[PDB]
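Every chain is numbered from 1 and lettered A, B, ... according to where its sequence line falls, protein lines coming before strand lines. These values consider heavy atoms only, across backbone and side chains, with no hydrogens, waters or symmetry-generated copies. All ligand and atom numbering here is 1-based and tracks the order in the structure.
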There are 2 protein chains.
Amino acid sequence: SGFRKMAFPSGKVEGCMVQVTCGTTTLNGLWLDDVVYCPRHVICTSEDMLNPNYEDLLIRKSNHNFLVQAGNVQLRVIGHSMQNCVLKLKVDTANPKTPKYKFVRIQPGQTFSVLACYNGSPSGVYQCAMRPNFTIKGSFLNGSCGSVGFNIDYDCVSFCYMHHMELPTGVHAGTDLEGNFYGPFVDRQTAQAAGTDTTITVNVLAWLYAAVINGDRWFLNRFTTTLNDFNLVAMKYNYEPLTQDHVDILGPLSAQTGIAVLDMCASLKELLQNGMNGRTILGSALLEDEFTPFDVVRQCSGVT
Amino acid sequence: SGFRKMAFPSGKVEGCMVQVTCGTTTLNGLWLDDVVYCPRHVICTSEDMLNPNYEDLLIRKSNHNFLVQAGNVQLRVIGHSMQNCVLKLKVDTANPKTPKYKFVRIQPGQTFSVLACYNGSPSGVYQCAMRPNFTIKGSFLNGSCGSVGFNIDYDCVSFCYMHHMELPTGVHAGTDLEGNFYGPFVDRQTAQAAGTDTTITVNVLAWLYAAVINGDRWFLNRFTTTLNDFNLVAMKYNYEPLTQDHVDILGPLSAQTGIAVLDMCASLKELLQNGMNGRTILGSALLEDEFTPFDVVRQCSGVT
Ligand SMILES: *CC(=O)N(c1ccc(F)cc1)[C@@H]1C=CS(=O)(=O)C1
Ligand SMILES: *CC(=O)N(c1ccc(F)cc1)[C@@H]1C=CS(=O)(=O)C1
């Protein structure tokens with residue numbers, strides 16, 4: 001019993017983190033096989049970041065301008081290329097700690113662990129979600145750029161995020177490992193505002209199932225609803241519309257608890273309309289939306 | 001910017017986790033040098049757990065009854081001893097991934113990361129606190145016993161917790177790595193109730209400093225208080241009494257923000273007396289008490 005915001009174990013990713021220095025800019029890179037991935041802004045001064053021309057900035061950079069350090073051992077750079085908003089630095093040595101891995105571009109509402117790093121050195125690990133507005137709510141200081149987000153399926157690390165930007169509102173923007181930003185964000189120090197931070201409705205419902213499974217049942221009511229009726233309440237409270245896909249995805253939790261998805265929706269509806277009345281659910285005073293149905297099943301069944 | 005419930009990177013501890021099987025009981029052990037540490041209840045059936053005599057149960061056990069598996073490689077057990085509520089299994093092979101480590105017995109209010117494991121395989125990592133009632137609020141299924149809690153100071157892992165017990169109220173009890181339970185808990189399936197879960201006042205104040213540092217300032221008020229006046233409000237709300245030691249410990253955060261500790265206490269006092277009025281602080285709708293002053297400084301300054 002107990003339900004906690006749980007990150008994946010970080011060891012497989014710890015073994016991939018390096019320091020990348022270009023001129024006087026230092027951040028983190030990801031060493032997989034004989035390639036180091038890092039944000040392309042490694043070639044910028046903060047002055048450059050106002051209106052960088054990356055192709056032009058890159059022309060002034062050679063392989064030997066990219067200083068790559070893995071602990072206290074320097075890697076030899078034998079090639080460099082820009083792919084979207086990341087640099088791929090070819091090094092002469094395959095990372096011996098390269099795990100089985102994939103690059104995956106995740107959808108909003110999907111969760112992942114972030115290994116926060118400074119100078120190629122891990123500081124900590126936490127769980128995030130790709131927000132419906134394609135921001136993440138991270139913890140990232142200066143030097144944290146190139147820290148990555150990942151899921152692990154048994155032995156295979158799926159890299160889904162690299163950290164690039166803090167918006168002036170203190171939320172976070174970044175790319176997949178092909179260097180494509182999530183959402184409309186750009187690696188430029190400009191006016192970029194996040195859209196509505198909508199709540200991930202299917203994740204709240206998953207978490208409500210998690211609560212029932214772990215003894216927190218006070219919010220279960222005598223009501224049901226329909227997707228259409230629920231969705232009118234969702235709209236009002238800036239919740240993502242619930243689809244039949246989401247209902248289908250909640251089927252296993254539905255089955256395990258014997259609470260029909262639409263009954264749990266009716267529970268959520270009352271909670272949105274009435275608030276918590278100073279009560280808590282799984283030690284939270286608001287509706288948590290950064291556990292997927294998959295996360296709840298995983299943590300409730302003890303997958304490794 | 002951003003402030004998250006951050007666990008230490010888990011790789012150094014991942015490399016110490018093994019599976020321990022005695023007869024038909026399987027749980028997790030910690031392999032450091034040529035010793036595997038695991039809960040002594042590894043020798044029990046659930047039937048035994050009602051009134052176990054561990055010394056008597058142990059007499060029926062030989063070195064070869066302790067099956068120790070590190071990934072898919074079996075360790076040879078060359079000795080076994082009971083120390084309090086843990087077994088030390090001497091194996092013929094030093095763990096090659098043994099990090100620099102200490103065993104430390106932590107105080108209530110102190111935080112640590114838990115690497116949840118099943119069959120010696122890591123499932124996830126989360127941050128905990130030793131509660132004033134010597135429970136932790138974990139996420140532990142059957143098979144999770146012998147999962148450990150740790151802090152990391154640069155290269156040195158300080159092991160402070162091994163998981164033994166779930167109380168019928170779904171909170172968690174365990175030992176330090178010398179096998180001494182935190183609090184009055186015992187490795188027996190009996191009537192054990194947790195005392196008052198008091199809030200760790202110094203941790204709430206640290207977290208309020210963290211919020212100010214990261215832009216959340218609405219709860220800052222025009223008031224101050226005294227330790228004695230604050231403590232009357234603390235009592236009423238089941239908060240730990242604040243000591244001059246706690247004020248001293250908050251000095252660096254005080255200095256960095258320019259908010260006197262007693263002014264932040266007055267802020268906390270108003271929040272306790274008035275609630276949040278449906279507002280949030282660092283994305284929480286209640287007062288978080290599982291960040292130490294040390295945690296806030298660490299995460300706000302980017303220590304690795
Ligand atoms: C994103 C980051 O970590 N930093 C950075 C790097 C390059 C830029 F153009 C902007 C920001 C950070 C700033 C100073 S540093 O020490 O080089 C790293
Ligand atoms: C604590 C734990 O993980 N388990 C356990 C072990 C021994 C006991 F006496 C009680 C509980 C868990 C129960 C079954 S198991 O698969 O052996 C592990």
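Some N or O of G143(B) is nearer than 3.5 Å to an N or O of ligand 2, by distance alone. Remark: ligand 2 and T26(B) share an N or O pair separated by less than 3.5 Å (distance only, no angle test).
Under 4.0 angstrom from ligand 2, there are no non-hydrogen atoms of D48(B). When heavy-atom distances to ligand 1 are checked against a 4.0 Å cut-off, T45(A) comes that close only through its backbone atoms N, CA, C and O.
Checked against the 6.0 Å centroid threshold, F3(B) and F291(B) count as a close aromatic pair.
Remark: ligand 2 atoms within the under-4.0 Å shell around heavy atoms of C145(B) are 1 (C), 2 (C), 3 (O). When each atom of ligand 2 is checked for a heavy atom of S144(B) under 4.0 Å away, the hits are 3 (O). Counting the atoms of ligand 2 from 1 in the order shown, those under 4.0 Å from a heavy atom of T25(B) are 6 (C), 7 (C), 17 (O).
How far CG of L115(B) is from OG of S10(B): 5.0 Å, rounded to the nearest 0.5 Å. The distance from the CG atom of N133(B) to the CZ atom of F185(B) is 6.0 Å, given to the nearest 0.5 Å.
Heavy-atom separations between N28(B) and ligand 2 are all 4.0 Å or longer. Under a 4.0 angstrom heavy-atom cut-off, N142(A) registers as being in contact with ligand 1.
The nearest protein heavy atom to atom 5 (C) of ligand 2 is not closer than 4.0 Å.
Put simply, the side chain of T25(B) gets close to the backbone of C44(B): a donor and an acceptor are under 3.5 Å apart.
Between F159(B) and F103(B), the ring planes are perpendicular. Angles over 60° get that label, and only those under 30° would be called parallel.
Side chains of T26(B) and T21(B): a donor-acceptor N/O pair is present below 3.5 angstrom, by distance only.
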Evaluate the side chain to side chain donor-acceptor pair (under 3.5 Å) criterion for residues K5(A) and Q127(A): first the C-alpha distance (whole Å), next the side-chain angles of each, then the deciding distance (0.1 Å), finally the verdict. CA-CA 7 Å; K5(A) 189 62 68 55; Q127(A) 195 68 358; over 6 Å; no
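Here the heavy atom of the protein found nearest to atom 10 (C) of ligand 1 is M49(A) CG, 3.9 Å.
Remark: of the listed residues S121(B), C117(B), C16(B), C145(B), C117(B) is the sole one forming a side-chain contact (heavy atoms from CB on, under 4.5 Å) with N28(B).
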